[PDB]
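>>> The data below comprise the sequence and an experimental structure of the protein.
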Amino acid sequence: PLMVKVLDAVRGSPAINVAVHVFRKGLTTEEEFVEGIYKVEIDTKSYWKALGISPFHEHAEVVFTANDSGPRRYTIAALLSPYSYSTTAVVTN
Amino acid sequence: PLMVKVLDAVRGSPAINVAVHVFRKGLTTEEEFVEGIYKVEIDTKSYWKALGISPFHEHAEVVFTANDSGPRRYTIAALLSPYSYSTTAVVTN
Amino acid sequence: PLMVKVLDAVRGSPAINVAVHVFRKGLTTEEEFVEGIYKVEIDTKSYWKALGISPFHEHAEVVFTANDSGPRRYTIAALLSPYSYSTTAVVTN
Amino acid sequence: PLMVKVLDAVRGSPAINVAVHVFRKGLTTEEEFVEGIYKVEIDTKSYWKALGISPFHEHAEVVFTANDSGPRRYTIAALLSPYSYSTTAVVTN
Amino acid sequence: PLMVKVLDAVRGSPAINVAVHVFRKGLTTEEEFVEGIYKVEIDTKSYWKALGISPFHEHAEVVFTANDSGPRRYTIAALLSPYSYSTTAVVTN
């Protein structure tokens, strides 16, 4: 037998985030997985990845430059954060 | 036997996010997976990926430049955040 | 037998984050895993990864430069933080 | 037998973070794992990783430079910190 | 038999962080592990890792330079710190 009980009875008004997982049993390889159920990515960067099998093999002249700059703003009040009977505000005077 | 019970009885007015998964049993390879059920991507960048098998193999002259700049703003009040009986506001005076 | 009981009875209005996992049994390899259920990535950078099998094999001339700069701001009030009967605010006078 | 009971009865309005895991039984290899259930990454950097099998094998001339600079600010009030019947604020006069 | 009871009865409004784990039984290798359940990484850097099998094997000329500098500020009020019936504030006059 295998029984899983989550949140059988609720009487009020809650704020919930539920994730239930029950299991019974060349260059990049991934198999038989679960990735990023409740996931947040903000300002994620990747430049070079898995270029090939034989890149720049013979007499390569490469100049690599990466500039991250400038005015960038990120304002968040609640992130993966449930609330109940509260007050949430973002004010920019 | 295999029984899974989630949120059998609800009496109020809640705010819920539910995700239930039950399982019974060349360059980039992925197989038999679950990816990004509740997923948020904001300002995600990727420049070079999986260029080929033999890229720039012989006598390549490459100049790579990546500039991230400028005025960019991201304002979010609630992200993956359920609420009940509350107040949410974004004000820009 | 295998029984798992989580949050059987609730009488108020709470704020919850629930994650339940029950299990019964070339270059980068990953198999049979669970990754990043409740995960937040902010300003994550990766430049070179898994370039290939034979990159820059013979007589390579490479100039690598990585500049991180500029005015960048990240303001967050609640991150993976549920609340109930409270006050949350982000104010920029 | 195997019984696990977590948070059977709740009478108030709490703020909770729950994670329950029950188990019954070339270059980088990982297998049969759980990684990053409640995980926060802020300003994480990686430059070179898993370049290949034979990179820069013969007569390589490499100039590597990594500059981290500039005005960058990160302001967070609550991180992985649930609260109840409280006051949370971020004020920038 | 194997019984585990955590937080059977709650009468007030607390702030909790719960993590329960019950178990019954080329270059970098990891297997059968649990890593980073409640984990925070701020300003974590890694430059070179797992370059390959035979990197820079013959007559390599390498100049490595790593500069960490610039005005960077990190301000956090509560980190992995739940609170109840309190006051939390970050003020920048």
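Right, received. Where do you want to start? Numbering: from 1, shown residues only, chains lettered A, B, ... in the order given.
>>> C-alpha only now, for contacts and for neighbours.
Fine.
>>> Return the set of buried residues in the strand ranked longest in chain A.
Across chain A, the strand with the greatest residue count (assigned by DSSP state E) is strand A:15-24. Residues A:15, A:16, A:17, A:18, A:19, A:20, A:21, A:22 are the ones in strand A:15-24 that count as buried (16 or more other C-alpha atoms under 10 Å in any protein chain shown).
>>> anything in the helix or strand just after it near chain B?
Downstream of strand A:15-24, the first helix or strand assigned by DSSP states H and E is strand A:28-35. Yes: for strand A:28-35, a contact with chain B is found by C-alpha under 8 Å from any C-alpha of the partner chain, at A:28, A:29, A:30, A:31, A:32, A:33, A:34, A:35.
>>> again, but for stretch A:6-24
Yes: counting by C-alpha under 8 Å from any C-alpha, chain B is contacted by stretch A:6-24 at A:6-24.
>>> what about that stretch, how long is it end to end?
The first residue of stretch A:6-24 is 18 Å away from its last residue (C-alpha to C-alpha, to the nearest Å).
>>> Do a quick rundown of the helices in chain A.
Using DSSP state H, the helices of chain A do not appear at all; there are none.
>>> Tell me the residues of it that contact chain D?
Residues of chain A lying near chain D (C-alpha under 8 Å from any C-alpha): none found.
>>> Do a quick rundown of the strands in chain A.
Taking DSSP E to define them, one finds strands in chain A at A:3-6, A:9-10, A:15-24, A:28-35, A:38-42, A:45-49, A:61-68, A:72-79, A:83-84, A:87-92.
>>> What pairs with the first one, parallel or antiparallel?
Its sheet considered, strand A:3-6 pairs with strand B:3-6 (parallel), strand C:3-6 (parallel) by DSSP bridges.
>>> Which stretch among those strands is buried most, on average?
By mean neighbour count, with neighbours taken as mean count of other C-alpha atoms under 10 Å in any protein chain shown, strand C:3-6 ranks first of the strands paired with strand A:3-6 at a mean of 20.
>>> Which residues does that one contact?
Contacting residues not belonging to strand C:3-6 are listed as A:2-7, D:2-8 [C-alpha atoms under 8 Å, 6 or more residues apart in numbering or on different chains].
>>> mind running it again at 10 Å?
Outside strand C:3-6, the residues within contact range by C-alpha atoms under 10 Å, 6 or more residues apart in numbering or on different chains are A:1-8, B:3-6, C:18-20, C:22, D:1-9, D:18, D:20-22, E:3-6, E:8.
>>> Centre of the chain to that strand, how far?
Centroid separation for strand C:3-6 versus its chain: 27 Å, with C-alpha atoms, centre = their mean, to the nearest Å.
>>> dump the residue contacts of the residue at the greatest distance from the centre of chain A.
Distance from the C-alpha centroid of chain A, by C-alpha atoms, centre = their mean, peaks at residue A:59 (39.2 Å). Residue A:59 is in contact with B:56-61, C:56-61, D:60, counting by C-alpha under 10 Å, 6+ apart.
>>> how does it look with 7 Å?
Residue A:59 sits next to B:58, B:59, C:58, C:59, C:60 when contact means C-alpha atoms under 7 Å, 6 or more residues apart in numbering or on different chains.
>>> count of neighbours near the third one?
Counted with other C-alpha atoms under 10 Å in any protein chain shown, the neighbours of residue C:58 add up to 18.
>>> Bridged to it, which residues?
residue A:58, residue D:58.
>>> ok, it to chain B distance?
10 Å (C-alpha to the nearest C-alpha, to the nearest Å).
>>> what about that residue, distance to residue A:92?
Going from residue C:58 to residue A:92 by C-alpha to C-alpha gives 56 Å.
>>> on that earlier part again, looking at the buried residues of strand A:15-24, spot the one nearest residue E:74.
Proximity of the buried residues of strand A:15-24 to residue E:74 (C-alpha to C-alpha) peaks at residue A:17, which lies at 28.6 Å.
>>> and chain A, which residues reach chain E?
Not one residue of chain A sits near chain E, judged by C-alpha under 7 Å from any C-alpha of the partner chain.
>>> For the residue nearest to residue A:14 when sequence neighbours are not counted, list the residues it contacts.
In space, residue A:14 comes closest to residue C:13 once its chain neighbours are excluded; the distance is 4.1 Å by C-alpha to C-alpha, 6 or more residues apart in numbering or on different chains. Contact analysis of residue C:13 by C-alpha under 7 Å, 6+ apart lists A:12, A:13, A:14, A:84, D:13.
>>> about what we covered before: rebuild the buried residues of strand A:15-24 as TSV, extending it with distance to residue B:88.
Formatted as TSV, the buried residues of strand A:15-24 follow (distance: C-alpha to C-alpha, whole Å):
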residue	distance to residue B:88
A:15	14
A:16	17
A:17	18
A:18	22
A:19	25
A:20	28
A:21	31
A:22	35
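>>> Near chain C, list only the ones from those.
Among the buried residues of strand A:15-24, proximity to chain C is found for A:15, A:16, A:17, A:18, A:19, A:20, A:21, A:22 (C-alpha under 7 Å from any C-alpha).
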